[PDB]
Every structure is written in structure tokens, then in C-alpha cells.
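S.K.: The structure that follows is given in the form of C-alpha cells.
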Amino acid sequence: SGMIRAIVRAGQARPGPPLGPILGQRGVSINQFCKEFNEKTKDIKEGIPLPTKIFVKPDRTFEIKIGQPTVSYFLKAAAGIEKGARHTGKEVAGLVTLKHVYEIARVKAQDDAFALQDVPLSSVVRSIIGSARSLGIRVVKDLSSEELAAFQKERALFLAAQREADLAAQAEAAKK
Amino acid sequence: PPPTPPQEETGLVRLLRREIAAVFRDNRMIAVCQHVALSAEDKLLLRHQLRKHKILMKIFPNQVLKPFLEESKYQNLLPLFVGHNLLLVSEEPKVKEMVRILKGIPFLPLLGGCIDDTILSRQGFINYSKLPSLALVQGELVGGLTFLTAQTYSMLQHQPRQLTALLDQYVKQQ
Amino acid sequence: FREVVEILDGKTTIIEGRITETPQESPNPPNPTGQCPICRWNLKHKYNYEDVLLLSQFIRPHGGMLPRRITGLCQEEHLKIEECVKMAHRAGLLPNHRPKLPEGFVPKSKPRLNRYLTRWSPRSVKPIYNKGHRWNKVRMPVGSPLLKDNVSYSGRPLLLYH
Amino acid sequence: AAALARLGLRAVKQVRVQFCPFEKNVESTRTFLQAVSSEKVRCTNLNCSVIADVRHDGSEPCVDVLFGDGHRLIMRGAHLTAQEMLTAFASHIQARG
Amino acid sequence: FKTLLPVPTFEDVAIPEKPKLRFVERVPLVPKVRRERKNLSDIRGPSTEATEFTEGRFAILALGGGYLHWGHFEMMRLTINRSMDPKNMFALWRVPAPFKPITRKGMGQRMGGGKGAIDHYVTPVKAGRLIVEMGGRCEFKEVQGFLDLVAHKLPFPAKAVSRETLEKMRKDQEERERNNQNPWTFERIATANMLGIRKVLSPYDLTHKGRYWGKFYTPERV
Amino acid sequence: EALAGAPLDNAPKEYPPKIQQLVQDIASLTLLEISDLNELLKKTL
RNA sequence: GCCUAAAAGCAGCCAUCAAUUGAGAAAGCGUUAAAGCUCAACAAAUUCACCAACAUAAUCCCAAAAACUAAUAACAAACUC
Ligand SMILES: [Mg+2]
Ligand SMILES: [Mg+2]
Ligand SMILES: [Mg+2]
Ligand SMILES: [Mg+2]
Ligand SMILES: [Mg+2]
Ligand SMILES: [Mg+2]
Ligand SMILES: [Mg+2]
Ligand SMILES: [Zn+2]
């Protein structure tokens with residue numbers, strides 16, 4: 001049939017949409033695919049997403065190729081923030097270091113793309129920096145003793161006031 | 001028409017000329033192949049299999065490659081750069097692995113190239129790959145030189161050896 | 001000239017290219033300084049739908065037009081020559097430049113109406129039923145407007161609409 | 001190459017293009033070779049075998065297409081246009097295939 | 001292959017606050033109580049004011065004469081404000097609010113009896129006048145493509161031009177009027193009163209030079 | 001200057017004249033010179 | 001990256017980085033969301049390629065006609081000789 005790209009959790013591969021109807025239209029079974037995915041990712045921490053490529057042949061057979069987990073997830077974990085910032089560039093989401101960026105590059109280099117591309121770790125580090133700046137996370141050179149918490153308290157106050165203002169604006173739009 | 005409004009060289013074409021000059025001056029193996037329109041995944045896989053042997057690939061536009069080649073000493077490669085082209089650049093040429101890695105793909109043929117200022121076709125590249133190494137041929141050079149005196153000494157010493165051989169034959173017969 | 005020859009030999013098709021000899025340009029052009037063929041042979045504003053020997057130099061054997069990138073003419077004269085070739089084909093000149101159909105040449109039809117200096121196509125014009133009055137007259141066009149710059153030995157302008 | 005991609009080239013067995021890169025009429029030959037070796041032609045059918053024979057003193061480029069209708073189309077393309085070769089091959093495989 | 005040409009970069013163009021078009025009133029705050037006469041001199045002839053760019057770079061040039069009222073103002077305002085970029089583009093009016101009153105009568109009324117009632121207000125626009133002038137850090141092709149709609153919907157014929165286009169067309173006009181071949185020109189004939197043609201011509205033709213006839217303006221008449 | 005004439009093996013008959021002139025220089029020397037050259041080659045390479 | 005059930009380049013808002021010679025967190029089609037079809041960038045060539053065209057009334061359409069023999073012609077009043 002061809003190639004299908006998917007991003008599912010480690011062990012939370014349920015046979016429903018938005019994954020069910022795709023393989024259903026293709027022809028292969030959904031429960032079988034879920035069983036294969038769970039037995040192949042049973043050692044993975046349940047809850048993290050990782051990209052997968054499903055190659056379906058004309059005889060309704062399928063092969064799976066799993067890559068390293070999502071770089072967005074890696075950056076959100078390294079920063080300690082669950083959901084990234086809304087207004088990128090205008091607000092600060094988290095705080096990571098070049099050490100953490102190099103670590104993420106080292107743990108993500110062993111993937112299909114960076115295996116086919118003979119690139120040094122500098123390219124992967126630059127890509128991680130780009131993804132972090134897209135998420136809105138600042139990357140300081142070397143500053144982590146308490147500044148992380150000093151910014152974390154202010155970020156918590158900011159997100160609390162942001163949620164309050166969102167609820168207020170929603171109530172205002174409902175009343176208008 | 002009016003006289004020619006001559007064109008000026010731009011930074012991009014200057015950089016291309018400098019890059020082609022550096023390529024043709026620094027490295028040794030410069031192979032010319034037909035760039036086959038393949039999928040990007042297979043292209044990156046071939047990139048990885050070439051980087052394993054540490055031989056790179058480059059692609060230059062014809063509009064900048066034809067004048068440079070016809071100006072330089074490589075004017076014998078003009079009929080090779082008509083269609084799509086791919087320049088395999090290698091230091092310390094080792095064509096054996098290149099021929100092996102191109103054999104795995106049926107519709108990717110080696111057009112030609114130069115190995116240390118020696119322009120060869122596909123059969124020339126095959127012969128160069130089947131040829132022994134430089135150290136081996138240098139070691140065989142002295143051997144083939146002294147082979148004349150070696151055969152001289154062999155013929156000079158075989159005359160007493162013929163009697164020994166006949167005696168051994170007569171012993172083995174009984 | 002290149003020709004494609006096809007041979008059928010036991011479910012095996014052999015397609016080959018054969019190059020023949022083509023005549024070259026005349027040695028002495030009257031104005032070798034011109035870049036365009038007609039503009040240098042001084043035939044500008046000289047050819048017409050009647051001049052068949054000039055129009056027949058560049059046309060396919062099936063009445064088709066030859067491309068400009070291969071011919072070499074300037075754009076204006078190329079359009080004029082295309083108009084002249086269309087007008088000649090419609091008028092009934094170039095009899096040897098039609099496709100041979102032995103199955104369609106048998107069922108003869110109504111005789112071809114004698115025409116010349118026709119602008120449009122014979123199967124795309126509707127007859128004028130109102131015809132207009134003197135002040136608002138529906139003029140009947142004859143000839144191509146691209147050839148209005150021909151040399152007029154009589155001096156009078158060419159009636160492009162009558 | 002889009003024509004051969006959309007024409008359904010599943011009905012061909014072997015396509016070989018024999019040429020010499022050091023000649024003066026190999027432009028259309030290599031163009032046809034690339035058009036038949038494009039990725040779309042490959043993904044159309046994987047059972048076909050594409051071969052590119054490279055010589056130095058052959059001086060006569062040729063294309064041999066053997067397909068399972070017991071058919072062998074041989075085109076000695078030395079002066080023909082690549083587009084003409086492609087359209088002739090397409091018409092033939094569409095008529096007999 | 002193709003050589004890379006550099007992109008035009010704009011940094012000295014400062015986008016002012018409120019870049020979109022403002023709201024105009026159908027009737028001004030002080031409505032004219034005294035009914036006026038419908039002078040046609042405000043349409044006849046070329047425009048004298050607002051013929052050059054002030055701060056913007058593109059404009060809607062009117063090649064004819066006519067009237068503009070609240071309907072056209074609202075059409076232009078809505079179209080420009082919905083198809084412009086308030087972050088990189090700004091617009092500005094070149095015509096004032098409608099002030100000239102227009103009198104009307106109800107159907108069934110015979111001729112005479114006095115003046116009608118003030119129905120609406122319009123803005124007189126002459127040929128050669130700019131209507132909307134826009135600026136910003138944008139190119140000319142997109143603003144032209146999105147302003148040609150307004151230029152078409154305007155009553156008089158209009159074109160989406162710029163400084164370069166206006167200069168080019170004026171240079172072409174000067175070149176044509178100075179390399180014209182026939183020795184007889186409308187201006188020369190009208191000024192010399194040749195053939196007694198002043199009996200047919202108008203005193204304003206001596207200035208219009210046969211280029212402006214009523215409300216229509218033909219730029220191809222030298 | 002220019003490069004070589006791009007030869008092939010389909011009609012390979014022209015060898016570099018430097019090889020032939022070096023063979024002639026070798027064959028135009030006495031046995032003691034050949035022994036000296038062989039000793040120098042075995043010492044260096 | 002956020003909201004949304006889903007927002008995978010495209011209801012939306014903000015950022016608009018990063019490798020390959022070379023590919024915009026994507027300028028249009030397409031799905032509920034996907035998928036898929038395109039554009040621009042490299043390698044392949046490089047004819048010209050910016051807007052311009054628009055039905056109709058009633059008794060029966062209304063001189064016929066003609067793109068090239070030379071034209072600051074000629075024929076043409078109650079004008080003037
Ligand atoms: Mg209008
Ligand atoms: Mg790069
Ligand atoms: Mg394109
Ligand atoms: Mg109708
Ligand atoms: Mg009649
Ligand atoms: Mg008379
Ligand atoms: Mg009288
Ligand atoms: Zn011309």
C-alpha cells in the first residue's frame with residue numbers, strides 16, 4: 001500500500017481513531033497492529049510519544065520502523081514544563097542548558113534520519129536549539145543553581161494569571 | 001543588433017569556480033557518473049554507504065562546469081557532462097569499494113573519470129579496481145627486474161640437479 | 001531531414017532514424033546584413049497569399065507550420081507567414097500538402113467552394129441576418145489585418161473589411 | 001517520466017540501454033535512460049529489471065525492451081529525440097500489453 | 001540554473017498607528033441647510049490638487065471624472081480593510097468626506113415648483129487625481145492585484161499605480177507629445193484660431209488641448 | 001599544457017613513452033650499474 | 001508550540017529555526033482530521049509569454065459589389081472666370 005507516518009504513545013496504542021480508520025482502509029488489522037506495537041514498546045516508559053513508520057505491502061502485510069521519541073517531548077522534559085508557551089518569543093516557557101541540549105542530541109542521534117545523514121553532533125545540537133526556540137524555551141550557556149526555580153515561580157504565577165484571564169475572557173464572551 | 005552589453009561575474013559563480021578549482025586541485029579520484037533520479041531515502045542511504053568509505057559526492061551546474069573544463073586540461077570530458085552529472089570525489093583513490101557499491105544498484109552506471117590525471121572509461125575503472133595495490137606492484141617491480149638473474153642462477157644450478165632428479169627417479173622406480 | 005522507419009519482424013519492432021540530404025540556402029543573399037531570413041532576403045512587405053514558392057519552403061508535408069525556434073524568423077513576419085499559410089490552405093493552394101487517406105478519398109462530397117483571401121475558418125462563422133444599415137454596417141472582413149503594411153503600388157489602402 | 005509512471009509499466013520484464021558515454025549523440029539516450037530509471041517507474045513495478053550497459057567503442061546506442069507478451073522492442077536510437085523514443089515506446093507498450 | 005537576485009528590504013518605512021482606513025460619514029456633522037447649484041466645473045478638466053504622493057507609495061489614480069458617495073466609500077473601506085495587512089501596510093484617504101449636496105424630487109412631480117430636497121452627499125473627483133494612497137514594506141504586485149478590484153468597482157476608470165508607474169506614464173506622455181509627427185496639433189490650432197474652429201470649440205478647450213471632453217479623459221490624444 | 005588523450009582497453013596499443021625510454025636507459029647500462037641500482041632500490045624501498 | 005474531538009503546512013494565535021549542493025514550520029488544491037495532488041530551491045533545459053475579448057423585440061435583411069495598373073487623381077453649385 002505504501003508508507004504511513006504515526007505518532008503514538010509508548011504503550012497507549014488503542015485501536016481507535018485517529019489510527020483505526022487509516023489501517024482499516026489500508027487493509028491490515030488494527031488489533032494486531034496494536035498488539036505488535038505494545039509488545040515492541042513494552043520496555044518503553046508508557047506515556048511518551050515516538051514516531052513510527054508503517055510500510056504496508058499489497059498483500060495486507062505491514063512492517064514497523066520506530067524512531068527516537070519526539071524532540072518536543074525531550075525539550076519539554078528537560079525544561080520541566082508540561083505544555084509549551086503560547087506566544088513564542090513574547091513569553092518564556094522553560095530554561096535549558098547547552099549540556100542538556102548536547103545530551104538530547106546524543107540520545108536522539110541514533111535514529112533513521114541522522115543515521116542516513118552522516119552529520120556530526122553539531123548539526124543535531126543546532127536542530128535541537130531551533131526546536132527549543134520554536135517551543136519558546138530559552139537556552140542559556142551555563143546557569144543552573146537556583147535561577148531555574150527563580151524563573152519557575154514567576155512562570156507559575158504567570159500561567160495562573162493567564163488561566164484566570166482565559167476563564168474571565170471565556171465568561172465574558174459567553175455573557176456578551 | 002547593437003554591440004554586446006557584456007555580463008559581469010557574480011559572487012555565486014565566483015564561489016562555484018573557486019570550489020571546482022579546489023576540487024580538481026586537492027583530491028585524486030574524480031569520477032563522473034550519471035545522476036539517476038532516485039528517491040531521497042535511497043540517495044541518503046547511498047550517501048551513508050559512501051561516507052563509510054569516506055568518498056564524497058558533489059553536483060555542479062553545467063553552465064559553470066562546461067566553461068571551466070573546456071578552459072582547463074580536462075577538455076576530454078565534455079561529452080560526459082551533457083545530461084545529469086555526479087562528481088565522486090575521493091582522496092587516496094580506492095575504486096574497488098566504489099565499483100562494489102555501484103554493482104548493487106543496476107541502473108546507476110559509472111560514466112568515467114580521472115584517477116591521478118588518467119582519464120578512463122568504465123572498463124578502465126574496472127581494470128584499475130582489479131589491478132593490485134601500489135605497494136604490491138612496487139614490490140613486484142624489483143622481483144620482475146631480478147627475475148632475469150634469478151632464472152640465470154636457476155639454469156646454472158639445475159645442471160647438477162638433473163643428476164639428482166634422475167637418481168631420485170631411479171630410486172623411486174625400485 | 002530525419003525520418004523514423006519502423007520494421008515489423010515477428011512481434012519485434014525495429015525503430016530507426018534515417019538522415020537524408022536537405023538543400024541549403026542560396027549562396028548570394030541580396031542583403032546579408034539582416035538577421036531575419038525574410039528581412040535579409042528583402043521580402044518584407046513583399047510576400048502574399050499568392051506567393052506559394054516562398055510559403056512552401058517551411059511547412060510540414062501535412063500542411064503543418066514549422067516552429068519559430070527552428071525557422072529563425074522574426075515574430076511579426078512569423079505571424080504574417082502563418083496567416084498567409086492558413087489563407088492559402090483555405091483558398092485551395094498547396095494541393096500536395098494534405099494527408100493521404102485512401103478510405104476517405106473515395107466518399108466524395110459536395111464540391112469545394114472556390115474561395116480566396118478568407119480570414120476566418122469555413123466552419124466557424126455565422127451568416128449575418130441583420131446586415132445593418134448604412135451608418136451601422138456589419139462589414140465583412142477579407143484578408144488578414146497583419147498584412148496592412150504591404151507596399152501599395154496603386155497607393156490606395158487595402159480594404160480589410162468589405 | 002510521468003507518462004511511464006501513469007501508464008502502468010507493470011507489464012514489462014527487462015529494459016536495457018546500451019550506450020557509450022564518449023560519443024556525440026548520447027544526449028537523447030541518457031535522457032531516455034533517466035526517464036525510464038526514475039523513481040516513479042521503479043515504484044510502479046518492482047519485478048522489472050533495468051540495465052544500463054556502458055561501453056567505449058560501441059558507437060551505436062540501443063534500447064532493448066523484453067516484455068512478457070513474448071515481445072522484444074529494439075530501438076537503435078542514435079539520432080531520434082528522447083521524447084520521440086519515449087512516446088513510441090509508450091504507444092507500443094500500450095497497444096501490446 | 002539561475003542567478004540569485006537580492007530581495008528589496010524595507011526598514012526606514014515606519015508603519016504608523018491605525019494603519020487601516022477610517023470611517024466616513026454619509027452626511028457631515030454640519031449639514032448644509034442652503035441648497036447649492038450642481039456646478040460641473042468640479043468634474044470638468046484635469047485635477048489641480050492631490051496629484052502627487054505625500055507619504056504613501058501606491059495609489060488609486062482616476063483617469064476620469066465623476067462623483068463618489070457613501071456607498072463607494074464604504075465599499076472601498078471594507079475591501080481595503082479586509083484585504084490589507086495591518087502589520088506591514090497602511091492606507092490613507094486622498095479625498096475628503098462627502099460635502100456637496102444633491103437635490104432630488106419624488107416621482108409624479110411636474111417640472112418647476114422650486115428646488116428639490118437634499119437627498120445625499122457626494123465628493124467631486126477630477127481626472128488625474130489619487131483616491132486612496134497606501135504605503136508600507138510591501139511589494140507592488142500584490143497591492144496592484146488587490147487594488148485593481150477597487151479600481152474596477154469605482155465609477156470612473158481607475159488604475160492601481162505607484163510613483164514609478166506614474167513617472168513612467170508621464171514620461172511616455174511627454175515623449176509622445178514631443179515626437180508626434182503631424183505638424184498640426186489641437187493646442188496649436190486652438191491657440192491660433194485656425195479655420196475659425198473656435199466657433200465649435202469651448203473656451204476650456206484652449207487649456208484642455210483636446211484631452212478632456214466632458215468627464216472623459218483620453219490620454220492617447222497627445 | 002593538457003592532460004592525456006583518455007585511452008581505453010577496447011583498442012589499447014599506445015603505452016607511455018617514458019616507460020620505453022626508462023627501459024632503454026636500463027638496457028643501455030652495464031651489469032655493475034644495474035647491480036648498483038638494485039642495491040640502492042633494496043636499501044631505500 | 002497553544003485552543004479544539006481532531007488542527008499532521010494549511011477554523012484559528014505565536015514563533016518562522018535547524019542538515020543536506022539544494023526544500024517556505026509551507027503560496028494553492030484535497031480529508032472530519034489524515035492520506036494524496038501541486039508551487040517555488042538545487043541538479044535539465046533554457047522561442048515569445050504584465051492587464052487587454054460583453055445577447056437581445058416585435059410586417060421583411062436591406063443598393064449590388066470589390067484587400068493592389070501608379071491618386072495632393074478625377075466626378076462634383078445660385079461660387080468664380
Ligand atoms: Mg470602474
Ligand atoms: Mg545548508
Ligand atoms: Mg517547479
Ligand atoms: Mg441569452
Ligand atoms: Mg438589398
Ligand atoms: Mg461644375
Ligand atoms: Mg454670382
Ligand atoms: Zn525578421
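If you're wondering about the labels, chains in the C-alpha cells are A, B, ... by order shown, residues count from 1 in each chain, ligands from 1 in order shown.
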Find the residues around residue 60 in chain D up to 10 Å (only C-alpha atoms (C1' of nucleotides) counted), leave out those fewer than 5 positions away in its own chain, and share them as a list in words.
M.R.: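 That gives residues 18, 19, 20, 23, 25, 26, 55, 76, 77 and 78 of chain D.
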S.K.: Going by DSSP on the backbone, which bits of range 50-94 of chain D are strand (DSSP E or B)? Write them as a list in words, please.
M.R.: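 Here are the strand (DSSP E or B) residues of range 50-94 of chain D: residues 50, 51, 52, 53, 54, 62, 63, 64, 65, 66, 67, 71, 72, 73, 74, 75 and 76 of chain D.
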S.K.: Can you work out which residues are within 6 Å of ligand 1, considering only C-alpha atoms (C1' of nucleotides) and all ligand atoms, and then hand them over as number ranges by chain?
M.R.: E: 151-157
S.K.: Could you tell me, counting only C-alpha atoms (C1' of nucleotides) and all ligand atoms, which protein and nucleic acid residues lie no more than 12 Å from ligand 6, written as a ChimeraX atom specification?
M.R.: /G:75-77,79-80
S.K.: Let me see if you get this right: every residue at most 9 Å from ligand 8, counting only C-alpha atoms (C1' of nucleotides) and all ligand atoms, written as an MDAnalysis selection string.
M.R.: chainID C and resid 34:40 44 72:78
S.K.: Using N, CA and C atoms, can you export the residues from the last selection as a PDB file, in the first residue's frame?
M.R.:
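Dumped everything to part10.pdb:
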```pdb
ATOM      1  N   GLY C  34      20.925  41.505 -42.783  1.00  0.00           N
ATOM      2  CA  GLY C  34      19.726  41.279 -41.991  1.00  0.00           C
ATOM      3  C   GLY C  34      19.816  39.987 -41.191  1.00  0.00           C
ATOM      4  N   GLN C  35      19.279  40.032 -39.970  1.00  0.00           N
ATOM      5  CA  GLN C  35      19.332  38.868 -39.092  1.00  0.00           C
ATOM      6  C   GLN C  35      18.222  37.874 -39.407  1.00  0.00           C
ATOM      7  N   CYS C  36      17.032  38.367 -39.704  1.00  0.00           N
ATOM      8  CA  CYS C  36      15.905  37.517 -40.036  1.00  0.00           C
ATOM      9  C   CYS C  36      16.009  37.035 -41.483  1.00  0.00           C
ATOM     10  N   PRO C  37      15.568  35.805 -41.765  1.00  0.00           N
ATOM     11  CA  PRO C  37      15.628  35.317 -43.157  1.00  0.00           C
ATOM     12  C   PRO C  37      14.897  36.201 -44.155  1.00  0.00           C
ATOM     13  N   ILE C  38      13.621  36.504 -43.913  1.00  0.00           N
ATOM     14  CA  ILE C  38      12.874  37.334 -44.855  1.00  0.00           C
ATOM     15  C   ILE C  38      13.409  38.760 -44.852  1.00  0.00           C
ATOM     16  N   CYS C  39      13.679  39.307 -43.665  1.00  0.00           N
ATOM     17  CA  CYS C  39      14.172  40.676 -43.568  1.00  0.00           C
ATOM     18  C   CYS C  39      15.528  40.849 -44.241  1.00  0.00           C
ATOM     19  N   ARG C  40      16.299  39.773 -44.395  1.00  0.00           N
ATOM     20  CA  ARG C  40      17.584  39.835 -45.080  1.00  0.00           C
ATOM     21  C   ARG C  40      17.491  39.465 -46.552  1.00  0.00           C
ATOM     22  N   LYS C  44      10.371  41.411 -47.040  1.00  0.00           N
ATOM     23  CA  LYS C  44       9.435  42.032 -46.117  1.00  0.00           C
ATOM     24  C   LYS C  44       8.476  42.940 -46.874  1.00  0.00           C
ATOM     25  N   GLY C  72      13.704  30.587 -37.567  1.00  0.00           N
ATOM     26  CA  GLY C  72      14.566  31.731 -37.356  1.00  0.00           C
ATOM     27  C   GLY C  72      13.969  33.077 -37.705  1.00  0.00           C
ATOM     28  N   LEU C  73      12.679  33.139 -38.021  1.00  0.00           N
ATOM     29  CA  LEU C  73      12.053  34.380 -38.448  1.00  0.00           C
ATOM     30  C   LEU C  73      11.748  35.276 -37.253  1.00  0.00           C
ATOM     31  N   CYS C  74      11.628  36.573 -37.528  1.00  0.00           N
ATOM     32  CA  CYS C  74      11.148  37.491 -36.508  1.00  0.00           C
ATOM     33  C   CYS C  74       9.674  37.214 -36.219  1.00  0.00           C
ATOM     34  N   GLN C  75       9.223  37.657 -35.044  1.00  0.00           N
ATOM     35  CA  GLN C  75       7.894  37.281 -34.568  1.00  0.00           C
ATOM     36  C   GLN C  75       6.796  37.803 -35.487  1.00  0.00           C
ATOM     37  N   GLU C  76       6.898  39.067 -35.902  1.00  0.00           N
ATOM     38  CA  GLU C  76       5.854  39.666 -36.725  1.00  0.00           C
ATOM     39  C   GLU C  76       5.734  38.954 -38.065  1.00  0.00           C
ATOM     40  N   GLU C  77       6.864  38.721 -38.735  1.00  0.00           N
ATOM     41  CA  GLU C  77       6.812  38.034 -40.018  1.00  0.00           C
ATOM     42  C   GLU C  77       6.416  36.574 -39.857  1.00  0.00           C
ATOM     43  N   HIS C  78       6.729  35.959 -38.715  1.00  0.00           N
ATOM     44  CA  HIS C  78       6.268  34.595 -38.481  1.00  0.00           C
ATOM     45  C   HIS C  78       4.751  34.543 -38.385  1.00  0.00           C
TER      46      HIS C  78
END
```
S.K.: Excluding residue 71 in chain E and residues on its chain fewer than 4 positions from it, collect all residues at most 10 Å away from it, counting only C-alpha atoms (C1' of nucleotides), and give them as a PyMOL selection string.
M.R.: chain E and resi 26+75-77+122
S.K.: Those residues you just picked out, can you put them in a file as a PDB file, in the first residue's frame with C-alpha atoms?
M.R.:
```
ATOM      1  CA  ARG E  26     -22.745  59.937   4.829  1.00  0.00           C
ATOM      2  CA  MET E  75     -17.149  49.582  -0.453  1.00  0.00           C
ATOM      3  CA  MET E  76     -13.545  50.789  -0.676  1.00  0.00           C
ATOM      4  CA  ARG E  77     -13.163  50.929   3.111  1.00  0.00           C
ATOM      5  CA  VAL E 122     -21.043  63.280  -2.913  1.00  0.00           C
TER       6      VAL E 122
END
```
S.K.: Counting only C-alpha atoms (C1' of nucleotides), which residues of chain E come no farther than 12 Å from chain G, as a list in words?
M.R.: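 That gives residues 1, 2, 3, 4, 141, 144, 145, 148, 159 and 160 of chain E for chain E.
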S.K.: May I have the residues from that selection written out with N, CA, C and O atoms, as an mmCIF file, in the first residue's frame?
M.R.:
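Produced file result_33.cif, reproduced below:
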```
data_model
loop_
_atom_site.group_PDB
_atom_site.id
_atom_site.type_symbol
_atom_site.label_atom_id
_atom_site.label_comp_id
_atom_site.auth_asym_id
_atom_site.auth_seq_id
_atom_site.Cartn_x
_atom_site.Cartn_y
_atom_site.Cartn_z
ATOM 1 N N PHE E 1 19.523 26.300 -13.907
ATOM 2 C CA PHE E 1 20.335 27.231 -13.131
ATOM 3 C C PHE E 1 19.818 28.658 -13.280
ATOM 4 O O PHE E 1 19.296 29.032 -14.330
ATOM 5 N N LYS E 2 19.967 29.449 -12.221
ATOM 6 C CA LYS E 2 19.505 30.828 -12.224
ATOM 7 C C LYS E 2 20.236 31.596 -11.132
ATOM 8 O O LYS E 2 20.386 31.102 -10.013
ATOM 9 N N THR E 3 20.693 32.798 -11.470
ATOM 10 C CA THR E 3 21.407 33.622 -10.506
ATOM 11 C C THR E 3 20.439 34.184 -9.471
ATOM 12 O O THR E 3 19.316 34.579 -9.796
ATOM 13 N N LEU E 4 20.880 34.211 -8.216
ATOM 14 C CA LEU E 4 20.046 34.683 -7.115
ATOM 15 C C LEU E 4 20.074 36.206 -7.083
ATOM 16 O O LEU E 4 21.138 36.813 -6.924
ATOM 17 N N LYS E 141 3.308 44.218 -6.785
ATOM 18 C CA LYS E 141 2.429 43.296 -7.496
ATOM 19 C C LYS E 141 1.201 42.941 -6.667
ATOM 20 O O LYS E 141 0.084 42.900 -7.195
ATOM 21 N N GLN E 144 -1.154 45.976 -6.260
ATOM 22 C CA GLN E 144 -1.826 46.187 -7.537
ATOM 23 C C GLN E 144 -2.928 45.161 -7.752
ATOM 24 O O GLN E 144 -4.047 45.510 -8.150
ATOM 25 N N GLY E 145 -2.634 43.889 -7.481
ATOM 26 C CA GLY E 145 -3.630 42.851 -7.683
ATOM 27 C C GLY E 145 -4.849 43.027 -6.798
ATOM 28 O O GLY E 145 -5.977 42.760 -7.220
ATOM 29 N N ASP E 148 -6.798 46.496 -7.914
ATOM 30 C CA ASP E 148 -7.477 46.534 -9.204
ATOM 31 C C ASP E 148 -8.973 46.288 -9.060
ATOM 32 O O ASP E 148 -9.764 46.811 -9.852
ATOM 33 N N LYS E 159 -6.867 53.089 -12.050
ATOM 34 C CA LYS E 159 -5.743 52.168 -12.117
ATOM 35 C C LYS E 159 -4.961 52.212 -10.814
ATOM 36 O O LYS E 159 -4.843 53.260 -10.174
ATOM 37 N N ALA E 160 -4.422 51.062 -10.425
ATOM 38 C CA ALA E 160 -3.599 50.944 -9.224
ATOM 39 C C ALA E 160 -2.154 51.210 -9.628
ATOM 40 O O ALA E 160 -1.471 50.327 -10.151
#
```
S.K.: Env of range 54-57 of chain C: 12 Å cut, atoms = only C-alpha atoms (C1' of nucleotides), seq-sep filter 4 positions within chain, self excluded. Answer as a VMD selection string.
M.R.: chain C and resid 22 to 25 37 to 38 41 43 to 44 46 to 50 61 to 66 71 77 to 78 80 to 89 93 to 97
S.K.: Ligand 2: which residues are within 8 Å, counting only C-alpha atoms (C1' of nucleotides) and all ligand atoms? Reply as a PDB file with N, CA and C atoms (P, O5', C5', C4', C3', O3' and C1' of nucleotides), in the first residue's frame.
M.R.:
```pdb
ATOM      1  P     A G  19      21.977  24.361   9.733  1.00  0.00           P
ATOM      2  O5'   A G  19      22.039  22.881   9.151  1.00  0.00           O
ATOM      3  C5'   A G  19      22.766  21.866   9.826  1.00  0.00           C
ATOM      4  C4'   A G  19      22.726  20.566   9.068  1.00  0.00           C
ATOM      5  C3'   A G  19      23.110  20.645   7.599  1.00  0.00           C
ATOM      6  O3'   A G  19      24.515  20.622   7.407  1.00  0.00           O
ATOM      7  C1'   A G  19      21.119  19.387   7.836  1.00  0.00           C
ATOM      8  P     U G  20      25.139  20.793   5.938  1.00  0.00           P
ATOM      9  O5'   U G  20      25.084  19.326   5.319  1.00  0.00           O
ATOM     10  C5'   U G  20      25.278  19.116   3.930  1.00  0.00           C
ATOM     11  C4'   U G  20      24.212  18.219   3.355  1.00  0.00           C
ATOM     12  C3'   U G  20      23.881  18.441   1.886  1.00  0.00           C
ATOM     13  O3'   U G  20      24.760  17.745   1.017  1.00  0.00           O
ATOM     14  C1'   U G  20      21.878  18.318   3.156  1.00  0.00           C
ATOM     15  P     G G  22      23.494  23.641   0.617  1.00  0.00           P
ATOM     16  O5'   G G  22      22.093  23.541  -0.133  1.00  0.00           O
ATOM     17  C5'   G G  22      21.672  24.558  -1.030  1.00  0.00           C
ATOM     18  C4'   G G  22      20.525  24.090  -1.890  1.00  0.00           C
ATOM     19  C3'   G G  22      19.250  23.714  -1.151  1.00  0.00           C
ATOM     20  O3'   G G  22      18.444  24.839  -0.843  1.00  0.00           O
ATOM     21  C1'   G G  22      19.789  22.023  -2.715  1.00  0.00           C
TER      22        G G  22
END
```
S.K.: One decimal, in Å: what's the spacing between CA of residue 28 in chain D and CA of residue 1 in chain C?
M.R.: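 Going from CA of residue 28 in chain D over to CA of residue 1 in chain C, I get 17.4 Å.
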S.K.: For residue 14 in chain A, list every protein, DNA or RNA residue within 9 Å, evaluated using only C-alpha atoms (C1' of nucleotides), and leave out those in the same chain fewer than 6 positions away; present the list as an NGL selection string.
M.R.: :A and (20 or 30-31 or 34)
